[PDB]
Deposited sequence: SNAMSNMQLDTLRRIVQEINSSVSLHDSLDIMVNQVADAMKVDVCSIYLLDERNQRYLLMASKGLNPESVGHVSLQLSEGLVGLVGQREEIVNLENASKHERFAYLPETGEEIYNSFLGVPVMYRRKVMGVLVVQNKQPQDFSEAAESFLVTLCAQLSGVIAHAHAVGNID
């Protein structure tokens, strides 16, 4: 038989790889991750070095109004911590860390899985998976997300290198 989870990863990687723009790549990744994992929210925050902040650039599950208009400071909350530590932060029960989580509407998400997007030792962004209830996500999920983030890391680096001269 087949390694169906690898096949799923390959399918998403190919769709991202053949996408025409940074925006399309990000949109494909968050929506496909949300479907493959069956999670409430998947979002990607990119480090905006001009404004020294992380900016929400795509999401499945957050209000689409928020995209391009919610930001976090570089040391702020769990997203900032993922970026500072350059480590996965996989919290089954994020409620225990909610008070100083400084997360970016009404909804409460009691699980948090943040994965750094790293290129050439530099943090390009943070991918966030959230769910309403506490959830224990396995090593497979971490490996899946790490691999997708590594693909996006070069798409993002390339976008910077061919974008505005800033």
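J.: Relative to the deposited sequence, which regions have no modelled C-alpha positions in the structure?
T.: According to the deposited record, C-alpha coordinates are absent for 1-3, 108-109, which together make up the missing parts.
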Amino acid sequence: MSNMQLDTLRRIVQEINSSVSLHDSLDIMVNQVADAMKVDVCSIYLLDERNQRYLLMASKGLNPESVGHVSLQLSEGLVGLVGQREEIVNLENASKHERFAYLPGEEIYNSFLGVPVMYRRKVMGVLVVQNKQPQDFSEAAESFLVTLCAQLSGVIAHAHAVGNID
From here on, numbers count along this sequence of modelled residues.
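J.: When the Cα temperature factors in the entry are averaged, is it 52-60 or 133-141 that ends up higher?
T.: Comparing 133-141 with 52-60, the higher mean C-alpha B-factor belongs to 133-141.
J.: Highest mean C-alpha temperature factor of the two stretches 110-118 and 65-73, which is it?
T.: If you average the C-alpha B-factors of 65-73 and of 110-118, the larger mean comes out for 65-73.
J.: Quiz for you: based on the deposited Cα B-factor, which of 28, 44, 41, 103 is highest?
T.: Across 28, 44, 41, 103, the entry lists the biggest C-alpha B-factor for 103.
J.: Is the Cα B-factor recorded for residue 153 in the lowest, middle or highest third of its chain?
T.: It belongs to the lowest third of the chain when residues are ordered by C-alpha B-factor.
J.: If you rank every modelled residue in this chain by C-alpha B factor, which third holds residue 8: lowest, middle or highest?
T.: CA B-factor rank for residue 8: middle third.
J.: Based on the entry's values, in what third of the chain does the Cα temperature factor of residue 16 lie: lowest, middle or highest?
T.: Within its chain, residue 16 is a highest-third residue by C-alpha B-factor, going by the deposited values.
J.: For residue 94, does the deposited CA B-factor place it in the lowest, middle or highest third of the chain?
T.: CA B-factor rank for residue 94: highest third.
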